[PDB]
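Same order as they appear, the protein sequences are chains A and B.
Take the first sequence: its letter number 8 is residue 75 in the entry's author numbering, and every next letter is one higher.
Take the second sequence: its letter number 14 is residue 87 in the entry's author numbering, and every next letter is one higher.
For each residue, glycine too, the CB sits at the ideal point set by N, CA and C.
The structure under discussion appears below in the form of structure tokens.
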Amino acid sequence: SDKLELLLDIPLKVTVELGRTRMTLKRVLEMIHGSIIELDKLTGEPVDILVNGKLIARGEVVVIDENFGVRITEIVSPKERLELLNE
Amino acid sequence: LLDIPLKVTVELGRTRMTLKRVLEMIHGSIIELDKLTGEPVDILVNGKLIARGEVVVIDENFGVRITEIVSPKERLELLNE
Numbered sequence: 068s069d070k071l072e073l074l075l076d077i078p079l080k081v082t083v084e085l086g087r088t089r090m091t092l093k094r095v096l097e098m099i100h101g102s103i104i105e106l107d108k109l110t111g112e113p114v115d116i117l118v119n120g121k122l123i124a125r126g127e128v129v130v131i132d133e134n135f136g137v138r139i140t141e142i143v144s145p146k147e148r149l150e151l152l153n154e
Numbered sequence: 074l075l076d077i078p079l080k081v082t083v084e085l086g087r088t089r090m091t092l093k094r095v096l097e098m099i100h101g102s103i104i105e106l107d108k109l110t111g112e113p114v115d116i117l118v119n120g121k122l123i124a125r126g127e128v129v130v131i132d133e134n135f136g137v138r139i140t141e142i143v144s145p146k147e148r149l150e151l152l153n154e
């Protein structure tokens, strides 16, 4: 808590994922322009929001000025965000 | 080597923010990312950016159609870094 005060300005890396899959090296080498990669995410599901590699939230894609963004639709508690980042 | 499974991730974008901000976010908060709206999305294999493309739907799953990709030689180089 006094500990927390010292951490508030630490920059954290945020990544937003549309989905994941797995493929062989062979398939990676054979892919071409136009190749289609199917992901583990279903229509109707939100995108994932990771902070230093930990899933803390999910959301929906929005346009902000010229950039993609995400509006948070699901998130863990602030205490759980700390716990996960402290793993 | 050809049969080794690799992890593929498709990213909409990235940003950086402080821990304070991360802890203040709530339902409805907006996070702006580093990708511009006309750009294709990133395709990473084992964390290495090898391709970019456009999002598609295949039946009920999301997918990506590749629009930019490095050479097969360069794919192998990156995966062997």
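### Query
How would you call A/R148, buried or exposed, if buried means at least 16 neighbouring beta carbons within 10 angstroms?
buried
### Query
Helix, strand or coil for A/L75 per DSSP?
coil
### CB contact below 8 Å: A/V95 versus chain B
yes
### Task
Measure the alpha-carbon distance for A/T82 versus A/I104 and round it to whole angstroms.
20 Å
### Query
Would A/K70 count as contacting chain B if we go by Cβ distances under 8 Å?
no
### Message
Under 8 Å: do the stretch 119-134 of chain B and the stretch 98-114 of chain A share three or more Cβ pairs, one atom per stretch?
### Response
yes
### Delimiting residues of the beta strand (DSSP E) encompassing B/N134
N134 to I142
#### Entry: Test item: CB-CB of A/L109 and B/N119 under 8 Å
no
### Message
Let me check understanding here. Comparing Cα to Cα, which of A/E84, A/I142 and A/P78 lies closest to A/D115?
### Response
A/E84
### Task
Could you spell out where the alpha helix (DSSP H) holding B/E154 opens and where it closes?
Looking at the DSSP string, B/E154 is not in any alpha helix (DSSP H), and its letter there is neither H nor E.
### Query
Taking Cβ positions only, does B/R89 come closer than 8 Å to chain A?
yes
#### Entry: Proximity winner among B/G111, B/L117, B/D132 and B/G86, relative to A/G111 (alpha-carbon distances)
B/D132
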